[PDB]
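> Sequence first, structure after, both from an experimental entry:
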Amino acid sequence: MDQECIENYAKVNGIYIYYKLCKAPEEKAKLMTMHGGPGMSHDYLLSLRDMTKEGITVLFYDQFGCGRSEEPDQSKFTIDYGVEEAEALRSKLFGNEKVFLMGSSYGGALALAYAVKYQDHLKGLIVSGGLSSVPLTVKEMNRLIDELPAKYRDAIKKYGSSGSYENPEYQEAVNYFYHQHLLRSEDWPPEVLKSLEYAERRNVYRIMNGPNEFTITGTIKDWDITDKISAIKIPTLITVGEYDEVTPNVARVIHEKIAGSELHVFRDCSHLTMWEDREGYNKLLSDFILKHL
C-alpha cells in the first residue's frame, strides 16, 4: 500500500544530514524535496508521500542545521551552500541520474537557485509558495499585514519595532496572520507542528530568516535571483495559494521568467497547500511529473 519510508544518516560535505527516501513500486522517476523556513524540517512535506503509489519516489531530508541534521559553520548558512548540499546529496545518492526537484517556500527559492546551476542534473521543477526575491516577498507580506484588522496591524508596528516579539499582543497578531496566510485549517496536522517546533529549536530560522514569517531580518534579507531564473529551461510547475503569505504576485514573477512554466493558484488555500488540498495538490504534481518522463 505504502512501504515504510527508509531513514538514514548521511555525511555530505563535512556534516551529518538526515534523509528519508520513500520508494516505488514501479519506479518511473524520483522526486527530491526541500522544506521551507529556512530552518524548518522535512516533516511538514510528508503528505507528498502519496505520490509513491504513482511510481514516484519522494526523497525527504532535513537541510543543514535543520531537524535531525547537524549544522555546519555559521558562515555556511547560505542558500548557495544549501544548493551544494542538495547537489552533493543527489550525486552521492543517485550518481548521474536525472531527477525532479520540488521546493516549498524558502525551499522553493532554494530549488530555483539549485536549478539555475544544476538543471543539467534535473528532469523537472516544482515551486510551491516559493520566491525568486526576498525583497519582493517582504513588500507583499507588508501589504497583507496592512489589510489586517487595526489591532493586529498596530500591535505589529508597535511591538515589532521594539523587538518585543515575545509580547502576547504580538504573538496574538502572528497567529491571526498565520491562520489566514500560512495554513487555513482548523486542526493543524502533527507534521506541521513538528517542523514549526524544529524551526524554533534549531538556529537556522533565527539566523537566516528572522523572528517570524513576516519579519525577515536574517541573512537572506537581500537575496534576489529574479534575474537568473530565466536561464531555467526545464519543465516547471509553480503553485501558490490564493491567500498565500508568499503572494501570487511573487509567484507570477517566477512564472514570467521561466518559459513554458505552468502557474496554478489554489483557491481557498494559502501557504501550506499540501495539507489544505492534499489530493488536488498531490494530483497536480504527479500529473506534471509523469507527463514529463
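Done, it's in. Residues are numbered from 1 along each chain as shown.

> Tell me where this protein has helices.
For the chain, the helices defined by DSSP state H occupy 79-94, 106-118, 134-146, 150-159, 168-181, 190-201, 204, 248-257, 273-276, 278-290.

> and of those helices, who's closest to residue 223?
For the helices of the chain, proximity to residue 223 was assessed by C-beta to C-beta; helix 134-146 is nearest, at 4.6 Å. All C-beta atoms are positioned from the backbone trio N, CA, C, and that covers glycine.

> one step back: now render the helices of the chain as CSV, adding mean neighbour count and distance to residue 19.
Compiled in CSV, the helices of the chain are given as follows (neighbours: other C-beta atoms under 10 Å; distance: least, C-beta to C-beta, whole Å):
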stretch, mean neighbour count, distance to residue 19
helix 79-94, 18, 7
helix 106-118, 25, 14
helix 134-146, 16, 27
helix 150-159, 16, 37
helix 168-181, 17, 28
helix 190-201, 18, 15
helix 204, 28, 17
helix 248-257, 19, 26
helix 273-276, 23, 19
helix 278-290, 18, 20
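
> got a markdown table for the ones you listed, with distance to residue 212 too?
Supplementary listing: those in a markdown table, determined by distance: least, C-beta to C-beta, whole Å:
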| stretch | distance to residue 212 |
| --- | --- |
| helix 79-94 | 19 |
| helix 106-118 | 13 |
| helix 134-146 | 10 |
| helix 150-159 | 10 |
| helix 168-181 | 6 |
| helix 190-201 | 10 |
| helix 204 | 14 |
| helix 248-257 | 17 |
| helix 273-276 | 20 |
| helix 278-290 | 24 |
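
> closest one to residue 30 among the ones you listed?
Proximity of these to residue 30 was assessed by C-beta to C-beta; the nearest stretch is helix 79-94, lying at 6.8 Å.

> what angle do that closest one and helix 134-146 make?
Between the axis of helix 79-94 and that of helix 134-146 there is an angle of 110 degrees, by axes from the mean of the first three to the mean of the last three C-alpha atoms, to 10 degrees.

> Could you find the closest non-adjacent residue to residue 269?
If the residues on either side of it in the chain are set aside, residue 269 comes closest to residue 241, at 3.7 Å by C-beta to C-beta, 6 or more residues apart in numbering.

> Burial check on the one you found, number of neighbours?
Applying other C-beta atoms under 10 Å, we find 28 residues neighbouring residue 241.

> rewinding a little: figure out which of the helices of the chain is closest to residue 237.
helix 278-290 (4.6 Å).

> What are the contacting residues of that closest one?
Outside of helix 278-290, the residues that reach it under the criterion C-beta atoms under 8 Å, 6 or more residues apart in numbering are 28-29, 31, 47-48, 50-51, 54-56, 100, 102, 124, 126, 235, 237, 239, 262, 264, 266, 273-274.

> circling back to that earlier point, tell me which of the helices of the chain sits nearest to residue 71.
Of all these, the one in closest proximity to residue 71, counting by C-beta to C-beta, is helix 204 (6.8 Å).

> Now do stretch 227-246: distance from first to last residue.
Across its full length, stretch 227-246 reaches 19 Å end to end, with C-alpha to C-alpha, to the nearest Å as the criterion.

> Specify the beta-bridge partners of the residue nearest to residue 269.
In this structure, residue 241 has beta-bridge partners residue 266, where bridges are defined by DSSP bridges.
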